[PDB]
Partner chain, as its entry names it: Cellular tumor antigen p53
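In structure tokens, one chain follows: the form deposited without the partner chain.
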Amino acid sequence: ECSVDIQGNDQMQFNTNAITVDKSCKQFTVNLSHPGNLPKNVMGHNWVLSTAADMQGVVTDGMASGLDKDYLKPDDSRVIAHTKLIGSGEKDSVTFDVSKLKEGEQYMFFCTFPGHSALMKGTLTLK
């Protein structure tokens, strides 16, 4: 109930492209880990959640903020929730309120490390 375990690996892949959140959930938790051996500054990953329309800007601003900010704009109002940036062998979790999500909206999740969102993205939907 109300959580998903997700991996980002050394091939610039997340192990899901569609996350389902049961609608009765008050808080939803994403548990990110990084198998593999590459360090954070070479193939670090985070998990970041925004509306479909906000994704591109979150990504572009993230790249501009740089590594030392985990490739995310500090207090970006468009980020519904995010993990830390992690490298191999690390993990991080985040929990966010399900009330921050609305029926009929389309949410995307992605990694903001530069370039990774080309393949490391997917949908998040209420079920």
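Numbering follows the first chain given and starts at 1.
Beyond what is shown, the protein has a form solved in complex with the partner chain; the following relates to that form.
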query: Contact of residue 43 with the partner chain in the deposited complex (heavy atom, 4.5 Å); finding: yes
query: Distance check, residue 47 to the partner chain in the deposited complex, heavy atom within 4.5 Å; finding: no
query: Partner proximity in the deposited complex: residue 25 to the partner chain, non-hydrogen atom cutoff 4.5 Å; finding: no
query: Contact flag, residue 98 vs the partner chain in the deposited complex, heavy atom cut 4.5 Å; finding: no
query: The partner chain in the deposited complex - contacting residues of 36 to 64, heavy atom within 4.5 Å; finding: 41, 42, 43, 56, 60, 61, 63, 64
